[PDB]
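Colleague: Residue numbers (PDB author numbering), protein chains in the order written: chain e, 1 to 38; chain B, 1 to 208; chain N, 60 to 118; chain E, 2 to 174; chain G, 1 to 142.
Can you read through this structure? Questions will come right after.
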Amino acid sequence: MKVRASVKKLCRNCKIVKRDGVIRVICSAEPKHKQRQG
Amino acid sequence: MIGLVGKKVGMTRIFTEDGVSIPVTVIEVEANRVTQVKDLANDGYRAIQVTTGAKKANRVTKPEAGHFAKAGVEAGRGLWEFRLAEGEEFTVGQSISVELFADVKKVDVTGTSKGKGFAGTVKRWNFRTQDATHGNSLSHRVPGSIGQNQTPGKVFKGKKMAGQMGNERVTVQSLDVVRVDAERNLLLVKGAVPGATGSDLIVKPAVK
Amino acid sequence: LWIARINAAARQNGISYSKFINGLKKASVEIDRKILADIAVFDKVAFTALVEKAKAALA
Amino acid sequence: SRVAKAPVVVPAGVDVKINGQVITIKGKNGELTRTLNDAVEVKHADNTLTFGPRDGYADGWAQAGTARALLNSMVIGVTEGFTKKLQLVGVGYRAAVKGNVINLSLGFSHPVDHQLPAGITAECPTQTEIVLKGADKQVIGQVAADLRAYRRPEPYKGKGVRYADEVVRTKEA
Amino acid sequence: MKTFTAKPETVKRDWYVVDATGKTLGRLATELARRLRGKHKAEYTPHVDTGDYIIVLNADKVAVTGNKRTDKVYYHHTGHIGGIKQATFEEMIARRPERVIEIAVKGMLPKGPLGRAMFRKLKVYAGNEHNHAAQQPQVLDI
RNA sequence: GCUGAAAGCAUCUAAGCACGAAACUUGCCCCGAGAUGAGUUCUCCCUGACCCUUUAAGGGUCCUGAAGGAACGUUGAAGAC
RNA sequence: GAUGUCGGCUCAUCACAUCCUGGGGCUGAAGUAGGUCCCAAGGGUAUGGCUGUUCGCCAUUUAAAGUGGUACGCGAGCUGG
RNA sequence: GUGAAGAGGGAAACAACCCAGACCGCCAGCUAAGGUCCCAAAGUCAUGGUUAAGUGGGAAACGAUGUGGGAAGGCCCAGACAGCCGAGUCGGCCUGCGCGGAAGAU
């Protein structure tokens, strides 16, 4: 997982979610696209 | 479950038929007599009180005599208590003997340790000694520094220093039961236990 | 001390200190806090009468 | 909203009882009870249930949608039921069922046993299949996930416990 | 004449009983402190005690707003180096329910011998049964 | 991770439910009611006459001296005292 | 009209930007071994040759030989190169 | 301008900041700066709105379907957007309050 202060959509299969006060990116095609804001 | 109260007799060895020596401690465990049963409605917890030994009649005060006479037993040299588990019951006046430990493997033993008086840091806390030569000035077995400086400017609570050593309560755990003899009132355990010759011991089944 | 005692006395009759004093001002009474506290402790019927006059003025 | 604005029909032979915020549904396949959030109103007219928001609450419609979905699932479960299928891939991997315990050999040095909860039934047609039958969607899903978690599928060959209709990707070293 | 002053040898006091089910902690504690000190009598005197005795029932059922059931932290220190310790509101309610109201009220009283004496007139119970019926307390709705 | 809407799809979360570490609370050992919020249980001992005054948790005269403790002596694998 | 100072010895205590042991995500991760990031402060974290040396180089060990604050901790505690 | 050579009230404690210049006595009244749930004197005041972070009660470039208000655009029962019939949907601009970035030694 990538811990960054700038979280973006990298391809067309990514989605942005808000879980427990944290913004995350989840991808259903590439495991490398998983991001977490922190 | 419950335990018993005994006296320390000494130490010896047992030889085995295959060529081994086992160092054992000999404990004399006479019969223990129930003096009071404490329950949950009147006291708040479940326990029994027991006595053992003998004591001369001219040294027994009237309150103690009345306490013994209510139960109906003769006087001993003390009173001890043991907490009860769920499903254990005893009755006033009953006697308990060493054969309770017939099928037990390991025990825990509690006693009072030998006294040493005032002791230093080398003996009490294993501090290291400074040099004996090379120019030392009156500081060989002394402790050294005990703090830092203006910050914090005090000595922390719990610092290791000199004082009284020994003469306190000690438990030892998980000792093998080498032998139980009922016709003689003897329990032989393997190893060593705290105290001196002629002291009171408490023996319980192992908790671990 | 006087002000605290007056507040306690008035809240038992059903008003607060600030409103009580405003009502006395609008009714043109000129008794001071020392006398008011003395009366509140030693004579209660008169204090009820004063509270009633203040309430009438405010109404 | 758009989901809560469709009533749920109760097929013949299903009994519904409403008491305050507690709802009970009974039928041929069994019994199911629930307690709803304190923001919804449920009304039963002749053959359908309808859900709506109460007054004074700021999130009535979302709660209504959730409740509608839950009751629809209960209605289907109390009559027809639910099924799950599991598959095993590998060499030396197998499963068996006795009573309410599933014994799995999955390449470990010790046996693995799993004890089913109340209300779920299991069976094995072949040594390398499991079928679960039940009436509660959440519990059936939880049991399936639990069984999966023992030895998850891997990305170099695919060995492990997987779902029936799951696609597992692979890559090369 | 001089201003009136109360005398501890002749002061009246009364017994009250209160229930704390579903009530806000601070908004109950204020009233408790006020009536313990005696700010509700015209005989109020700063250097004398003029308050009442109060019994509190159902202390394991007070209420807090927001996320305070899990996020309010109580701290203390043991006197030994490194001995800082903490607990949460849930843990306090699970172990020692009365300590909660007791701390809340204690923080709201004067500091000194007289405040310590005032604190002694507070009885807090975790259940719904007291054993002080020989004093005949009156029901107080706060 | 399961079920699930706001957002007819999807979603571990907003309503509900399950796992998860030598860190946290316990379980093991030692101290501990001056815990002035000074706690509980069992046993033992004391059952006489009068005066005064400013009248009360008052002062005094004769008879009586329990349970127990302390002091002294011979001492201890207890101890600077 | 005075707050003794470099290294060494004896004795310590705190933070986490974690050296070892514990729990996880990604990998250009087949296995054994690795690379990078997240959580985690309970315990444990070398003996010698040279030099006044802290450092440093060297020889042989260890699961590992952590980086910093405390008057560059500590001379009414020692030494005096 | 103040302190030095100036006391009194407020800012928790705080020469130089805000209010204000002490001849002596009073158990009288009105106000300034600042305040009115308890420590601690005085509104648990009245009306209309916002925040869910204990933000209020520490801090940036940058990132995000958090949530209020305003003015215009494209498509829409000549059946639109998402999925396999029936009421709306899509993308920008201006503005109010919040979230992340955010690690230290008794």
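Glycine residues also receive a C-beta, built at the ideal position from the N, C-alpha and C atoms.
Is E/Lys160 helix, strand or coil by DSSP?
Modeller: The answer is coil: DSSP assigns E/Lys160 none of H, G, I, E or B.
Colleague: So is G/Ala42 in contact with chain N if we call contact Cβ pairs under 8 angstroms?
Modeller: For G/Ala42, the answer is yes, since a Cβ of chain N falls inside 8 angstroms of its Cβ.
Colleague: Determine which residues of the region 110-129 of chain G have a Cβ less than 8 angstroms from any Cβ of chain N, and write them out in chain order.
Modeller: Residues passing the 8 angstroms Cβ filter: none.
Colleague: Can at least three beta-carbon pairs, one atom from the region 104-113 of chain N and one from the region 53-64 of chain E, be found at a separation below 8 angstroms?
Modeller: Taking 8 angstroms as the limit for Cβ pairs, the verdict is that the region 53-64 of chain E does not touch the region 104-113 of chain N.
Colleague: Under 7 angstroms between beta-carbons, which chain G residues line up against N/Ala67? List them in chain order, please.
Modeller: Within chain G, the residues near N/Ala67 are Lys39, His40, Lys41, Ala42, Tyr44.
Colleague: Is it buried or exposed, residue 40 of chain e, if we count other Cβ atoms within 10 angstroms and call 16 or more buried?
Modeller: Outside the modelled stretch of chain e, which goes from 1 to 38, sits residue 40 of chain e, for which no answer is possible.
Colleague: Quick check on the DSSP output: what are the complete beta strand (DSSP E) runs of length 3 or more inside the region 83-134 of chain B, in order along the chain?
Modeller: The qualifying runs are 106-112, 115-119.
Colleague: Could you tell me whether any Cβ in chain N is nearer than 8 angstroms to the Cβ of G/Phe4?
Modeller: It does: the Cβ of G/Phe4 has a partner Cβ on chain N nearer than 8 angstroms.
Colleague: What's the C-alpha gap between B/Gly6 and B/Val107?
Modeller: The alpha-carbon atoms of B/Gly6 and B/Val107 are separated by roughly 13 angstroms.
Colleague: Taking CB distances under 8 angstroms as the criterion, tell me whether residue 130 of chain N reaches chain G.
Modeller: With chain N running from 60 to 118 in the structure shown, residue 130 of chain N is simply not present.
Colleague: Between the alpha carbons of B/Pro152 and B/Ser145, how many angstroms are there, rounded?
Modeller: For B/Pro152 and B/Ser145, the distance between alpha carbons rounds to 14 angstroms.
Colleague: Just to confirm, does G/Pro113 get its C-beta within under 7 angstroms of one of the non-hydrogen atoms of the ligand FAD?
Modeller: Looking at this structure, you won't find the ligand FAD or any other ligand, since it has none at all.
Colleague: Do you know how far the Cα of E/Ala63 is from the Cα of e/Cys27?
Modeller: Looking at the two C-alpha atoms, the distance is approximately 26 angstroms.
Colleague: Which word fits B/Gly195, buried or exposed, when buried means at least 16 other C-beta atoms lie within 10 angstroms of its C-beta?
Modeller: Buried is the call here.
Colleague: Decide if B/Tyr45 is buried, meaning its Cβ has at least 16 other Cβ atoms within 10 Å, or exposed.
Modeller: By the 10 Å Cβ count, B/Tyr45 comes out exposed.
Colleague: List, from N- to C-terminal side, the alpha helix (DSSP H) runs of 4 residues or more that fit wholly inside the region 65-132 of chain G.
Modeller: Listed in chain order, they are 68-71, 89-95, 97-106, 113-119.
Colleague: N/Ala113 and N/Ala86 - do their beta-carbons sit closer together than 8 angstroms?
Modeller: A contact, by the Cβ cut-off of 8 angstroms.
Colleague: Going by the CB atoms, is the gap between E/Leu105 and E/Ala96 shorter than 8 angstroms?
Modeller: In this structure, E/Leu105 lies closer than 8 angstroms to E/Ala96 by Cβ.
Colleague: Is it buried or exposed for B/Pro63, if we count other Cβ within 10 angstroms and need 16 for buried?
Modeller: By the 10 Å Cβ count, B/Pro63 comes out exposed.
Colleague: Over what stretch of residues does the alpha helix (DSSP H) that includes B/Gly66 continue unbroken?
Modeller: Start and end: 62-71.
Colleague: Would e/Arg24 and e/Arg12 qualify as a contact pair, given that the criterion is a beta-carbon distance under 8 angstroms?
Modeller: No, Cβ-Cβ distance for e/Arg24 and e/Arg12 is not below 8 angstroms.
Colleague: Figure out for me which residue from G/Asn131, G/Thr30, G/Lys23 has the closest Cα to the Cα of G/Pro110.
Modeller: Considering only alpha carbons, the answer is G/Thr30.
Colleague: Counting C-beta neighbours from all protein chains within 10 Å, is the total for G/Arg95 16 or more, i.e. buried, or is it exposed?
Modeller: Its Cβ having fewer than 16 others within 10 Å, G/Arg95 is exposed.
Colleague: Which one or two residues does DSSP pair with B/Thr25 in a beta bridge?
Modeller: Looking at the DSSP assignment, B/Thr25 forms a beta bridge with B/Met11, B/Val189.
Colleague: Taking B/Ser199 as the reference, which of B/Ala162, B/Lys114, B/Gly191, B/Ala65 has the closest Cα?
Modeller: Comparing Cα positions, the closest option is B/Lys114.
Colleague: Looking only at DSSP bridge pairs, what is E/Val43 linked to?
Modeller: Paired residues: E/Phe52.
Colleague: Apply the 10 Å Cβ neighbour rule to G/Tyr44 and answer buried if 16 or more other Cβ atoms are within range, or exposed otherwise.
Modeller: Its Cβ being crowded by 16 or more others within 10 Å, G/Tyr44 is buried.
Colleague: How about G/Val62 and G/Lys23: are their beta carbons less than 8 angstroms apart?
Modeller: In contact: G/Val62 and G/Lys23 (Cβ atoms closer than 8 angstroms).
Colleague: Mind pulling the chain G residues with CB within less than 9 angstroms of N/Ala99?
Modeller: Simply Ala42.
Colleague: Is it the case that the Cβ atoms of B/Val50 and B/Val34 are separated by a distance below 8 angstroms?
Modeller: Yes, they are a contact pair.
Colleague: So for E/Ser74, helix, strand or coil by DSSP?
Modeller: DSSP places E/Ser74 in helix when its eight states are reduced to three.
Colleague: Exposed or buried, which one is G/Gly107 when buried takes at least 16 other CB atoms within 10 Å?
Modeller: When all chains shown are included, G/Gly107 counts as exposed.
Colleague: Considering only C-alpha positions, which residue in the set E/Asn73, E/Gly91, E/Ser2 is nearest to E/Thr25?
Modeller: With distances taken between Cα atoms, E/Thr25 lies closest to E/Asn73.
Colleague: Report the neighbours of N/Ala63 on chain G: residues whose CB is nearer than 8 angstroms to its CB, in chain order.
Modeller: Per Cβ cutoff of 8 angstroms: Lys39, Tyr44.
Colleague: Exposed or buried, what is B/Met11 when buried is set at 16 or more other beta-carbons lying within 10 Å of its beta-carbon?
Modeller: That one is exposed.
Colleague: Do B/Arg128 and B/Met165 have their beta-carbon atoms positioned less than 8 angstroms apart in this structure?
Modeller: Result no, Cβ atoms of B/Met165 and B/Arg128 do not sit closer than 8 angstroms.
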